[PDB]
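Q: Counting along the sequence shown from 1, when you hit position 141 you're at 141 in the authors' numbering, and nothing is skipped either side. Pasting a structure below so you can have a look.
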Amino acid sequence: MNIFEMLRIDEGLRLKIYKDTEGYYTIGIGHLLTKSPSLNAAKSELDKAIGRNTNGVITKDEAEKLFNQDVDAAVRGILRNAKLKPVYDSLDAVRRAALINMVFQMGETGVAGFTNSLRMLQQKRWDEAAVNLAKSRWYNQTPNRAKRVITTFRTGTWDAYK
Ligand SMILES: [Cl-]
Ligand SMILES: [Cl-]
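Right under this line is the structure:
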């Protein structure tokens with residue numbers, strides 16, 4: 001297992017524009033297009049993202065290309081962020097993937113807001129971080145996904161994904 005296989009399980013793959021769990025237009029492997037209620041705005045962000053006139057449908061290669069870029073961007077956002085970088089640097093390789101998964105889902109700013117959890121993660125107080133991570137809108141809106149990510153932080157293994 002690695003970050004790619006993990007996020008592919010968590011996000012799925014859809015080749016036509018769809019609404020994510022928050023109701024936002026999305027494509028591919030959780031690639032958010034726009035928070036705007038307009039499908040036309042979404043189609044326009046999609047064409048711009050892909051570089052061709054898509055009419056709301058992309059190929060598998062194209063979905064995986066956006067996915068590669070988004071994973072890359074999630075990593076870059078962690079390393080650029082003063083609150084996220086030291087936590088990531090402190091973590092082993094499996095728990096690093098859990099942090100990338102959170103940033104991919106909710107963005108660098110959203111994750112940087114988990115001040116107390118991040119501190120516990122840095123201190124390697126795994127059971128405590130896991131309890132604090134769960135007291136969140138994130139956990140109450142997407143409990144199954146959040147539980148898998150939290151379990152990864154708690155155990156440092158891929159057991160929730162196997
Ligand atoms: Cl893009
Ligand atoms: Cl979920």
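C-beta: ideal position from N, C-alpha, C; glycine also.
Excluding sequence positions up to five away, which residues of its chain have a Cβ less than 6 Å from the Cβ of residue 42?
A: Residue mapping note: residue 42 aligns to position 42 of the sequence shown, counting from 1. Only 17, 25, 33 and 34 meet the Cβ criterion.
Q: Ligand 2 and residue 129: does the residue's C-beta get closer than 8 Å to at least one heavy atom of that ligand?
A: As a working mapping, residue 129 is identified with position 129 in the sequence shown. Outside the cutoff, so no.
Q: Tell me the DSSP bridge mates of residue 57?
A: Within the sequence shown, residue 57 is the residue found at index 57, counting from 1. BP columns for residue 57 point to 16.
Q: Have a look at residue 82 and residue 109 and give me their C-alpha separation to the nearest angstrom.
A: By 1-based counting over the sequence shown, the position of residue 82 is 82. By 1-based counting over the sequence shown, the position of residue 109 is 109. Those two C-alpha atoms are separated by around 11 Å.
Q: Let me know if residue 127 comes out buried or exposed under the rule of 16 or more other beta-carbons within 10 Å of its beta-carbon.
A: Sequence index remark: in the sequence shown, residue 127 carries index 127 (1-based). Exposed, because fewer than 16 other Cβ atoms sit within 10 Å of the Cβ of residue 127.
Q: Using 8 Å for Cβ pairs, my map puts residue 10 next to residue 145. What's the rounded Cβ distance?
A: Translated into positions along the sequence shown, residue 10 becomes position 10. Translated into positions along the sequence shown, residue 145 becomes position 145. So it is a contact: roughly 5 Å between Cβ atoms.
Q: Thinking C-beta only, is residue 6 closer than 9 Å to residue 161?
A: Here the question's residue 161 lines up with position 161 in the sequence shown. Here the question's residue 6 lines up with position 6 in the sequence shown. Against a cut-off of 9 Å, the Cβ pair of residue 6 and residue 161 comes out as a contact.
Q: How far does the alpha helix (DSSP H) with residue 155 in it reach, from first residue to last?
A: Residue numbering aside, residue 155 sits at position 155 when the sequence shown is read from its first letter. Its alpha helix (DSSP H) spans residues 143 to 155.
Q: Could you say which of 22, 89 and 14 lies nearest to residue 137 if we only look at CA atoms?
A: Taking the first residue of the sequence shown as position 1, residue 137 is located at position 137. Comparing Cα-Cα distances from residue 137 to each of 22, 89 and 14, the minimum goes to 22.
Q: Helix or strand or just coil, what does DSSP make of residue 33?
A: Walking along the sequence shown from the start, residue 33 turns up at place 33. Residue state, collapsed to three classes: strand.
Q: Identify the residues that DSSP records as bridge partners of residue 28: which are they?
A: For this step, residue 28 is matched to residue 28 along the sequence shown. Per DSSP, 14.
Q: Under the criterion of a Cβ to heavy atom distance below 8 Å, does residue 42 qualify as lining ligand 1?
A: Mapped onto the sequence shown, residue 42 falls at position 42. Not under cutoff, so the answer is no.
Q: Applying the criterion that 16 or more other CB atoms from any shown protein chain within 10 Å of the CB defines a buried residue, is residue 154 buried or exposed?
A: As a working mapping, residue 154 is identified with position 154 in the sequence shown. Buried, since its Cβ has 16 or more Cβ neighbours within 10 Å.
Q: Would the segment 101 to 108 and the segment 62 to 75 be scored as touching if the rule is three or more Cβ pairs under 8 Å?
A: Yes: at least three Cβ pairs fall under 8 Å.
Q: Does residue 51 pass the burial test, meaning 16 or more other C-beta atoms within 10 Å, or should it be called exposed?
A: Taking the sequence shown and counting its residues from 1, the one referred to as residue 51 is at position 51. Answer is exposed; the Cβ neighbour count stays below 16.
Q: Should residue 49 be counted as a contact of ligand 1 given a C-beta to heavy atom distance under 8 Å?
A: As a first step, residue 49 must be located in the sequence shown, where it is residue number 49. Answer for residue 49: yes, Cβ within range of ligand 1.
Q: Name the residue from 14, 158, 8 and 20 whose alpha carbon lies nearest to the alpha carbon of residue 93.
A: Counted from its first residue, the sequence shown places residue 93 at position 93. With distances taken between Cα atoms, residue 93 lies closest to 158.
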